[PDB]
Amino acid sequence: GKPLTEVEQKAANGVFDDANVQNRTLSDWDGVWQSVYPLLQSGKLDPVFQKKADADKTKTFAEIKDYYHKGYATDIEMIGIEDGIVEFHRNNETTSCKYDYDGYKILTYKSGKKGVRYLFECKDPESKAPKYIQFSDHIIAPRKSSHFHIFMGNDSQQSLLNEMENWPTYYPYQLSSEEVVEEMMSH
Ligand code: NI
């Protein structure tokens, strides 16, 4: 964690120019990562949603939680990334691929906020890993990720760009559940 520059902080809140977006390498996401979904399911994220619903007079607790329930849903409990390989862990079963970088795509949301998807492709015919994956983590140039959202599929990169409601979400495996909540409480 270098401190964020001025550009980097605005970019994290979805305000950036296209010309400042730069390519990134898979190693920005090296590490071992826990899905946050079990934390939602156990009620451990509720203080996140309590705070959010309190601050937002247009949304109820149930509106906030449901939106994140839909967003975080996945049975990939863990992801490991190392030496250009991403490993996916579902109930006792592991798949992995040496992913190739395919560039990024800039998306503009209805709010007018912006974000960048970083696209990779698995070209390994033996692999059972998703053929396409996209990383989104409020960062628009090389920098070690502190948490990320990942889109996974076997159909097309465009199909994943169209996705807006499910975005399995990963924080460092080493963080306690309390620390995830505190991170969520802020950023
Ligand atoms: Ni995020």
# chains A, B, ... in the order shown; residues from 1 in each chain; ligands from 1
>>> residues_near_ligand(ligand="ligand 1", cutoff="10 Å", atoms="only C-alpha atoms and all ligand atoms", output="PyMOL selection string")
chain A and resi 12+136-139+146-149+167+169-171+184+187
>>> residues_around(residues="residue 64 of chain A", least_positions_apart="4", cutoff="12 Å", atoms="only C-alpha atoms", output="number ranges by chain")
A: 40, 45-60, 68-71
>>> residues_around(residues="residue 6 of chain A", least_positions_apart="6", cutoff="12 Å", atoms="only C-alpha atoms", output="PyMOL selection string")
chain A and resi 12-13+15-16
>>> write_last_selection(atoms="C-alpha atoms", output="compact mmCIF listing (two decimals), in the first residue's frame")
# COMPACT_ATOMS: atom_id res chain seq x y z
CA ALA A 12 -11.29 4.74 -7.21
CA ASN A 13 -14.47 6.80 -6.87
CA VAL A 15 -13.84 9.68 -11.93
CA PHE A 16 -10.98 9.44 -14.44
>>> atom_distance(atom1="atom CA of residue 129 of chain A", atom2="atom CA of residue 81 of chain A")
12.9 Å
>>> select_by_dssp(residues="segment 60-179 of chain A", states="strand (DSSP E or B)", output="PyMOL selection string")
chain A and resi 78-82+85-90+93-98+100-108+114-121+132-136+148-153+169-172
>>> write_last_selection(atoms="C-alpha atoms", output="mmCIF file, in the first residue's frame")
data_model
loop_
_atom_site.group_PDB
_atom_site.id
_atom_site.type_symbol
_atom_site.label_atom_id
_atom_site.label_comp_id
_atom_site.auth_asym_id
_atom_site.auth_seq_id
_atom_site.Cartn_x
_atom_site.Cartn_y
_atom_site.Cartn_z
ATOM 1 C CA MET A 78 -11.120 -19.150 -2.494
ATOM 2 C CA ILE A 79 -8.957 -17.926 -5.354
ATOM 3 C CA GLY A 80 -5.163 -18.288 -5.458
ATOM 4 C CA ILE A 81 -3.013 -16.385 -7.974
ATOM 5 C CA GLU A 82 0.690 -16.994 -8.539
ATOM 6 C CA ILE A 85 -1.821 -19.035 -12.730
ATOM 7 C CA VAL A 86 -5.233 -18.437 -11.202
ATOM 8 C CA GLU A 87 -6.624 -21.298 -9.123
ATOM 9 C CA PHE A 88 -10.392 -21.545 -8.360
ATOM 10 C CA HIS A 89 -11.553 -23.476 -5.281
ATOM 11 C CA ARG A 90 -15.175 -24.706 -5.104
ATOM 12 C CA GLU A 93 -12.545 -29.094 -6.110
ATOM 13 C CA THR A 94 -9.836 -27.004 -7.756
ATOM 14 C CA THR A 95 -9.465 -25.735 -11.342
ATOM 15 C CA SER A 96 -6.611 -23.565 -12.637
ATOM 16 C CA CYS A 97 -5.272 -21.913 -15.784
ATOM 17 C CA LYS A 98 -2.303 -19.881 -16.972
ATOM 18 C CA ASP A 100 -3.354 -14.683 -21.021
ATOM 19 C CA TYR A 101 -3.873 -10.872 -20.729
ATOM 20 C CA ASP A 102 -6.375 -9.386 -23.248
ATOM 21 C CA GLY A 103 -6.375 -5.671 -22.355
ATOM 22 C CA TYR A 104 -9.007 -3.655 -20.521
ATOM 23 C CA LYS A 105 -12.375 -2.081 -21.193
ATOM 24 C CA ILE A 106 -13.692 1.191 -19.808
ATOM 25 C CA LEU A 107 -17.320 1.088 -18.657
ATOM 26 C CA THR A 108 -19.559 4.051 -17.909
ATOM 27 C CA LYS A 114 -16.676 4.959 -14.582
ATOM 28 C CA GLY A 115 -14.747 1.700 -14.029
ATOM 29 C CA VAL A 116 -12.238 -0.473 -15.872
ATOM 30 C CA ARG A 117 -12.438 -4.232 -16.461
ATOM 31 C CA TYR A 118 -9.102 -6.052 -16.882
ATOM 32 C CA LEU A 119 -9.594 -9.016 -19.257
ATOM 33 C CA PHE A 120 -7.849 -12.363 -19.327
ATOM 34 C CA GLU A 121 -8.397 -15.533 -21.366
ATOM 35 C CA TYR A 132 -12.789 -15.699 -19.736
ATOM 36 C CA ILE A 133 -12.311 -13.737 -16.580
ATOM 37 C CA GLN A 134 -12.411 -10.000 -15.820
ATOM 38 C CA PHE A 135 -10.976 -8.174 -12.809
ATOM 39 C CA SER A 136 -12.520 -4.957 -11.450
ATOM 40 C CA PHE A 148 -11.308 -7.331 -6.278
ATOM 41 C CA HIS A 149 -14.528 -8.207 -8.084
ATOM 42 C CA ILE A 150 -14.290 -10.970 -10.695
ATOM 43 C CA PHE A 151 -16.542 -11.894 -13.618
ATOM 44 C CA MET A 152 -16.221 -15.456 -14.915
ATOM 45 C CA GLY A 153 -17.659 -17.218 -17.941
ATOM 46 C CA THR A 169 -15.779 -10.422 -4.411
ATOM 47 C CA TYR A 170 -12.427 -11.322 -2.867
ATOM 48 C CA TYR A 171 -10.379 -9.927 0.052
ATOM 49 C CA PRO A 172 -6.959 -11.236 1.285
#
>>> atom_distance(atom1="atom CA of residue 35 of chain A", atom2="atom CA of residue 77 of chain A")
5.0 Å
>>> residues_around(residues="residue 141 of chain A", least_positions_apart="4", cutoff="8 Å", atoms="only C-alpha atoms", output="PyMOL selection string")
chain A and resi 20-24
>>> atom_distance(atom1="atom CA of residue 11 of chain A", atom2="atom CA of residue 30 of chain A")
21.6 Å
>>> select_by_dssp(residues="chain A", states="alpha helix (DSSP H)", output="ChimeraX atom specification")
/A:6-12,37-41,46-55,61-72,157-162,177-185
